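*Asks:* Just passing along the structure, written as structure tokens.
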Amino acid sequence: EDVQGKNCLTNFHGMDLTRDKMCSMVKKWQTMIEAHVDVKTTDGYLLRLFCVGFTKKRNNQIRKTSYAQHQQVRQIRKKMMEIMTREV
Amino acid sequence: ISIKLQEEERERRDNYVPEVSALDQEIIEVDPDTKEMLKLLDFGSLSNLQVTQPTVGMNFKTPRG
Amino acid sequence: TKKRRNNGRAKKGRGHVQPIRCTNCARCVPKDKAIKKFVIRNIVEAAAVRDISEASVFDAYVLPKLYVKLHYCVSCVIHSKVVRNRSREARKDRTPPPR
Amino acid sequence: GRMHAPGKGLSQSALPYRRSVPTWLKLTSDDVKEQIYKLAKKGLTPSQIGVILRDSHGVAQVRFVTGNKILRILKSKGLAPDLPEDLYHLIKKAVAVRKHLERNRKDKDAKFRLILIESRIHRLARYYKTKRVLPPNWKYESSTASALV
Amino acid sequence: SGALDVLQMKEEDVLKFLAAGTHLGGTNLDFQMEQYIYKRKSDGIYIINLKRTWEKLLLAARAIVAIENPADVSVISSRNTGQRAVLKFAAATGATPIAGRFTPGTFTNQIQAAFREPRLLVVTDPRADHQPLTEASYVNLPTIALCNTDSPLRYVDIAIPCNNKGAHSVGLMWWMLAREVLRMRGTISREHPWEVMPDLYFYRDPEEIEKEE
Amino acid sequence: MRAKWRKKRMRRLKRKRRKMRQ
Amino acid sequence: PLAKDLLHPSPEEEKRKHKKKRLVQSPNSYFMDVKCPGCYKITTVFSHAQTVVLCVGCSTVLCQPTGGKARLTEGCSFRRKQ
RNA sequence: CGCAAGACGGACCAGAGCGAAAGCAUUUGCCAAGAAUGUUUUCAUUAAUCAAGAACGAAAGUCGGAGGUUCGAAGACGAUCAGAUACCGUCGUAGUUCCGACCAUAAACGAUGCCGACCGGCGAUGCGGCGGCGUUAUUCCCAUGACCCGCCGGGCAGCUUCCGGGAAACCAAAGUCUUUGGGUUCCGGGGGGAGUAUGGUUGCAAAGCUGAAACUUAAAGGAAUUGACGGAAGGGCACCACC
RNA sequence: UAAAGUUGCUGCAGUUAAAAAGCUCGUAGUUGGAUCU
């Protein structure tokens, strides 16, 4: 955002995950719940935050899959949205 | 190779009996359900039987997939 | 005559399955009929791993992997030896090779 | 199976063997009749009346306490609707589907379902006309249906 | 038995069964072995009603006794867990043993070297002894089998419900069958315990004999 | 001959005949 | 198998069956006298009630309709009849 | 580093779900539906299948309107080849996209009409309901979620079986068939000619529906078996193979 | 004419040999649960 005295002063512009991490996190017997919010901080900085989560297999689970029903996914996504909006 | 001499020699070899029977001992564990089965058979008052406790959980199926 | 009870696909209980493009030839193949491989391979070969790890500015950087999804059509999957012909009895077998 | 669906569902009420008023039920036949009359005056159909008699008053089956069915009771007292409950609900559903279809004209599934509902309406109307519940001149129309609702 | 108190099950027999794990079946249940199971445990194991086990053992002993040529009964075991038990049963009772692999065509191929025409067939496990059982369906051969909860009952005429997986249980069941057959025959009495004991019929791992030598 | 190409030939013949009989 | 006595089913097997496939069909539902500590009278509630029942002597919810059996509010004593 | 446009919704995504079929996959909201389960609610035979008739119906195609990123019939070149009017490559029109009106055809397939009953077993899975040790979250109690173990009802399927059937392949239906009759619709009668000619009808067209005959022919064809062959795969051998 | 159960009402076929309409709705037609000495 500025340069003084052979010195570049950077500001936060965005955040991301490396492709390897996101590729590893997507397995084939669970659901991926994805949410996003356009939210402005208290100083005019309007961000877009993306949250991703995956359903968890229990430690005593025998069923191969760990799928959440559509209403459960919607509740999880609404919780994601509200928590991210609160925290931002 | 099979001759009668080998058969008799092997039946001599298998003519082995332990001092104490491996079957009957002082205390044998028995689960509550088999204890009820025995009490149905009127053999539930045997004192050789030790009522052990059943498995804590219900994890006996291997995970599928 | 019928070679396979499932017709070489997994289209049970629906009428249409969306198609995908073969990674090799770009042929249109139904997503349930295409042969799917998920290859998770180290981004550097087992030969270049020594030089790359020696030249790393970090200690125990652990190289990232590469997660590629390949969707072969039947012709390309047979040519690439990803799957091969089986005897009439052994065709029914559905357990993946042990590898 | 279902008339207009491929389903072969089995769920339904399983009546008990006994045809007698239950021991817990102290309500007399006239008391049940009065409760039915009040519920009908409140504007409830025989299905709803039976539901709330079973659910709050312990009346397992009104026929086994009164000796008469709820619709027959309402007809005898004289406060039964002009057209039967099932036909009225079918006509209401058809009216709702038609009102949806006017603002959503690309909904071919709605058109298919409306055709099915109107076939059911016509079958029920033909049955009630043979049984003389409906006048022989009664016909279902695409314009006067909302008036009957 | 037939409610004959001389044939009723004894406390010592119950203790032998419980010590050998005879009452303990598997985690799977063949639908034709439902009538022999008392109840499933908290860990998925099926418990075998030992009263029905004794009833079927006595029925099998009665069937064996009603063959006045003892060599016309064939006792078969393909698994090692029951080979010594089968040999001991054949020695004590006079039956003909087939311990080891059963050659197909033994009952059907008249020309073969091991061709025989038994009058009754007893096997340790219908799953592991499926080959003689099938041949039993070719020569009018009645069949007795020691059946676990998941045992298949095809071509099995008298199914004895017992644990046939453990060496202790297999040996004890064969020993008890030999004891019952002898008692019905007349040799050895029903009053004092048999001078032979189940551990003779058991199977010992080669490491066990190495430990014992 | 492939049946669909025989059908195509027949349809082209029918079009040529339609041009014949206007 | 091949000898099942269809005239005298065991009560456990008959209770295991669907309510319509029993020898003589019987419902799985029941009626309960339910009583609240804040009430001076009992009421009769269907086990599978489809409406929200209220206390006869109060204004409190008694049971909430669900997919199957209704959810009786805690603190209310319920006893089956017959 | 941005901006614009149009297209499409990866991975999750499954022999999983929903829909009459065609078909349906970013979030959120609205709208009207729907199956299944639950039901000691209501009506009380109101039902099954159906000439006529009607709704929907992939893709391509046809009219107008908008758009027009990619891909791309036709087409223009460049290659390869004996020749290539193809396969391969660079471009590229219609089209592919949306709106309205047509078209009503697909290997529109489960190549298997719908409704009903009976006839083996097993383990899974989806939805609903019921019951129950125990673990985990909502800081702790019940409820409820996620698991675990069963049961019931419909559903997509799978394995197994000397149920039975079948020419067999195979099918728990394609079984309950010379021991032949539960109800009903459609439809076939050796192969070609030929789904052609012709008439009728529908369509703006392309074509759709209905649809022969003369003539010709001893076989076409189904399933399976043994060989031979393969510019199919996998093994094995040999200095008349190689290293 | 029989053979021809190759016209099948008795009495045929329609997964692959010829063949179930792409799919539902629907009138006529055909068929229609228990029950009354």
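Just so it is clear, none of the values below were taken in a lab; they were calculated from the coordinates. Positions of Cβ are backbone-derived with ideal geometry, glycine not excepted, and every protein chain shown enters the neighbour counts.
*Asks:* Which residues, counting only those in region C:62-99, are away from chain A (no Cβ under 14 Å), charged (D, E, K, R) and more than 16 Å from RNA strand I (Cβ to nearest atom)?
*Replies:* Scanning region C:62-99 gives C:81, C:84, C:86, C:89, C:91, C:92, C:93, C:94, C:99.
*Asks:* Which one of D:15, D:71, D:53 is within 12 Å of chain G (Cβ to nearest Cβ) and more than 16 Å from RNA strand I (Cβ to nearest atom)? Can you show your working first?
*Replies:* On the way: D:15 fails: more than 16 Å from RNA strand I (Cβ to nearest atom); D:71 fails: within 12 Å of chain G (Cβ to nearest Cβ).
The unique qualifying residue is D:53.
*Asks:* Could you check, for region B:32-45, whether at least one of its residues is over 15 Å from residue E:24 (Cα atoms), in contact with a helix residue (DSSP H, G or I) (Cβ under 9 Å, 6 or more places away or on another chain) and of a type in the set (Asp, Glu)?
*Replies:* Filtering region B:32-45 down to residues over 15 Å from residue E:24 (Cα atoms) leaves B:39-45.
Still in the list and also in contact with a helix residue (DSSP H, G or I) (Cβ under 9 Å, 6 or more places away or on another chain): B:40-41, B:43-45.
From what is left, the residues that are of a type in the set (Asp, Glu) are none.
Checked region B:32-45: no residue is over 15 Å from residue E:24 (Cα atoms), in contact with a helix residue (DSSP H, G or I) (Cβ under 9 Å, 6 or more places away or on another chain) and of a type in the set (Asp, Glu).
*Asks:* Name every residue in region E:1-52 that is more than 11 Å from chain B (Cβ to nearest Cβ), more than 16 Å from RNA strand H (Cβ to nearest atom) and of a type in the set (A, V, I, L, M), in order of residue number.
*Replies:* Correct list: E:3, E:4, E:6, E:7.
*Asks:* Sort through D:105, D:126 and tell me the only one that's within 16 Å of RNA strand I (Cβ to nearest atom) and either assigned to a loop (DSSP other than H, G, I, E, B) or exposed (fewer than 13 other Cβ atoms within 10 Å of the Cβ) (or both).
*Replies:* Values: D:105 fails: within 16 Å of RNA strand I (Cβ to nearest atom).
Matching residue, one of D:105, D:126: D:126.
*Asks:* Filter region E:168-208 for residues that are without any contact (Cβ under 8 Å) to a residue 40 or more places away in the chain and hydroxyl-bearing (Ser, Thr, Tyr); which is farthest from residue E:14 (Cα to Cα)?
*Replies:* Ranking the qualifying residues of region E:168-208, first place goes to E:187.
*Asks:* Scan region D:30-44 residue by residue and report those that are surrounded by 15 or more Cβ atoms within 10 Å (Cβ to Cβ) and away from every other protein chain (no Cβ under 14 Å).
*Replies:* Across region D:30-44, the qualifying residues are D:33, D:36, D:37, D:40.
*Asks:* Does any residue in region D:34-55 that is more than 15 Å from residue D:86 (Cβ to Cβ) come within less than 7 Å, Cβ to Cβ, of a residue that is assigned to a helix (DSSP H, G or I) and not hydrophobic (A, V, I, L, M, F, W, C) six or more places away or on a different chain, and which pairs are these?
*Replies:* The qualifying pairs are D:37/D:77; D:53/D:35.
*Asks:* Scan region B:18-44 residue by residue and report those that are more than 8 Å from chain E (Cβ to nearest Cβ), assigned to a loop (DSSP other than H, G, I, E, B) and without any contact (Cβ under 8 Å) to a residue 12 or more places away in the chain.
*Replies:* B:19, B:20, B:42, B:44 - these are the residues of region B:18-44 that are more than 8 Å from chain E (Cβ to nearest Cβ), assigned to a loop (DSSP other than H, G, I, E, B) and without any contact (Cβ under 8 Å) to a residue 12 or more places away in the chain.
*Asks:* It is to be established whether one or more residues within region A:22-30 are away from RNA strand I (no atom under 16 Å from the Cβ) and either more than 14 Å from every other protein chain (Cβ to nearest Cβ) or touching a helix residue (DSSP H, G or I) at 6+ places or on another chain (Cβ under 9 Å) (or both). Let's see the steps before the verdict.
*Replies:* Here is the first cut: in region A:22-30, the ones away from RNA strand I (no atom under 16 Å from the Cβ) are A:22-30.
This time we only want the ones that are either more than 14 Å from every other protein chain (Cβ to nearest Cβ) or touching a helix residue (DSSP H, G or I) at 6+ places or on another chain (Cβ under 9 Å) (or both), so: none.
No, region A:22-30 has no match at all.
*Asks:* From the set of residues in region G:62-72 that are surrounded by 14 or more Cβ atoms within 10 Å (Cβ to Cβ) and assigned to a loop (DSSP other than H, G, I, E, B), which is nearest to RNA strand H (Cβ to nearest atom)? Give the steps one after another, and end with the answer.
*Replies:* Going residue by residue through region G:62-72, those that are surrounded by 14 or more Cβ atoms within 10 Å (Cβ to Cβ) are G:62-63, G:65, G:69-70, G:72.
Next cut, assigned to a loop (DSSP other than H, G, I, E, B) only: G:65, G:69-70.
Details: G:65: 8, G:69: 3, G:70: 8 Å.
Filtering first and then ranking leaves G:69.
*Asks:* How many of the residues in region G:29-61 are within 9 Å of another protein chain (Cβ to nearest Cβ), part of a strand (DSSP E or B) and closer than 19 Å to residue G:81 by Cβ?
*Replies:* Of the residues in that region, 7 qualify.
*Asks:* In addition: Would you confirm, using the coordinates I've provided, whether residue D:92 is of a type in the set (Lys, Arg), away from chain G (no Cβ under 14 Å), within 16 Å of RNA strand I (Cβ to nearest atom) and more than 17 Å from residue D:4 (Cα to Cα)? Steps first, please.
*Replies:* Details: of a type in the set (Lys, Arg): yes; away from chain G (no Cβ under 14 Å): yes; within 16 Å of RNA strand I (Cβ to nearest atom): no; more than 17 Å from residue D:4 (Cα to Cα): yes.
When the stated conditions are applied, residue D:92 does not pass them.
*Asks:* May I ask you to list the residues in region E:120-142 that are crowded, with 24+ Cβ neighbours inside 10 Å and assigned to a strand (DSSP E or B)?
*Replies:* Those that are crowded, with 24+ Cβ neighbours inside 10 Å and assigned to a strand (DSSP E or B): E:121, E:122, E:123.
*Asks:* Got a sec? Which of D:36, D:73, D:91 is within 15 Å of the chain's Cα centre (by Cα), closer than 27 Å to residue D:17 by Cα and assigned to a helix (DSSP H, G or I)?
*Replies:* Criteria check complete, one pass: D:73.
*Asks:* Does residue C:83 fit the bill of being touching a helix residue (DSSP H, G or I) at 6+ places or on another chain (Cβ under 7 Å), part of a loop (DSSP other than H, G, I, E, B) and more than 13 Å from RNA strand H (Cβ to nearest atom)? I'd like the intermediate steps shown before the answer.
*Replies:* On the way: touching a helix residue (DSSP H, G or I) at 6+ places or on another chain (Cβ under 7 Å): yes; part of a loop (DSSP other than H, G, I, E, B): yes; more than 13 Å from RNA strand H (Cβ to nearest atom): no.
No, not satisfied.
*Asks:* Which number in (1) among the charged types (D, E, K, R); (2) part of a loop (DSSP other than H, G, I, E, B); (3) loosely packed, with under 15 Cβ neighbours inside 10 Å marks the one condition that residue E:165 misses?
*Replies:* Among (1) among the charged types (D, E, K, R); (2) part of a loop (DSSP other than H, G, I, E, B); (3) loosely packed, with under 15 Cβ neighbours inside 10 Å, residue E:165 violates only (3).
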